[PDB]
């Protein structure tokens, strides 16, 4: 009864999951949170908060690995999937990890210094602890390499693209990929004759146009800072204004990189929370700055959704996913309210239902376009890729 191990090595954390090959069901989940710090803890299911003080990426994985042998799971780890943040232009699909892969990942790491270099430390540690186990590298950017130049190029001088590698890459590729695959079934569509818009909304957020199967436009840019206004992230911002602010407050480019990435967004406007559950309540309690933060949020999502639709020959569906998209009744309706121009009519009884109802249509009959919610499973997709790559003979 074989399983697949899934690893995501963030900036300050290691998120892991164990899935069954037969069912693709989670049999264990956990997190090694607060990495590299004076005190680092491991938490499986949120039941054991085992401390490890000053421990790094390798030492954590060793602790996690023990907690699998402790539960007699070591001998069943058939495959190991690794979430990779930035694949650049070198990775179009999912691959079996080899020296060539590690080497190519090292090459593109310049594009995302924080995330990528942690992923490599997660690969190397897994390479170590699991020898005969075939490993797979899954890229958050690969789904997007189907974009045309006219859609990925920036309005900057060519030198930057050809020499320095400056271009739009877009993120949440695995989420946008999975969600769209599922969307073909639920909406009874033809992948080769389809036009979808996928709104991944949560911690970080992006839109993606999926034409006839492939990604043809996405909101996030070279970094995850472009597109929609997000939790702590500003979203689209006038560079002439950023350069102006630099001249006023005397702040540096590095200073503003922090403000834009960590102090801006939903938090930035509200001066309250980078979280909807709070802000949604704050509005109802009469807070205006929070009401604006959400109206502004909603507005920028509708602008991009409708804008991304221009990359499709015909619009068939609009899909919500991520923490916010799946769970938030209000933002869903507010975003449709805004996109009445496309002849969208929402079925409020269908939109009322929580995330327990899973995959669900939320639009009515008169509506020109079908709306739906599909819970993303970044983990399931990583597994499926590896299970497929398991049949491969290297």
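Positions refer to the first chain, counted from 1.
A.B. asks: Which has the higher mean CA temperature factor in the PDB entry, 192-200 or 67-75?
C.D. replies: It is 67-75 that shows the higher mean C-alpha B-factor.
A.B. asks: Could you settle it for me: does 104-112 or 308-316 have the higher average Cα B factor in the PDB entry?
C.D. replies: 104-112 has the higher mean C-alpha B-factor.
A.B. asks: Of the options 99, 89, 150, 255, which has the highest CA B factor as deposited?
C.D. replies: Out of 99, 89, 150, 255, the record gives the largest C-alpha B-factor to 255.
A.B. asks: If you check the C-alpha B-factor for each of 337, 326, 359, 38 in the entry, which is highest?
C.D. replies: Most elevated C-alpha B-factor of the set, per the entry: 38.
A.B. asks: Of the three thirds of its chain by CA temperature factor, lowest, middle or highest, which one includes residue 332?
C.D. replies: Residue 332: CA B-factor falls in the lowest third of its chain.
A.B. asks: For residue 136, does the deposited CA B-factor place it in the lowest, middle or highest third of the chain?
C.D. replies: For residue 136, whose C-alpha B-factor we compare with every modelled residue in the chain, the answer is the middle third.
A.B. asks: What third of its chain's C-alpha B-factors does residue 224 belong to: lowest, middle or highest?
C.D. replies: Lowest third, going by the recorded CA B-factors of the chain.
A.B. asks: If you rank the chain by CA B-factor, which third does residue 118 end up in: lowest, middle or highest?
C.D. replies: CA B-factor rank for residue 118: highest third.
A.B. asks: Rank-wise, by C-alpha B-factor, drop residue 235 into the lowest, middle or highest third of its chain.
C.D. replies: Middle third by C-alpha B-factor.
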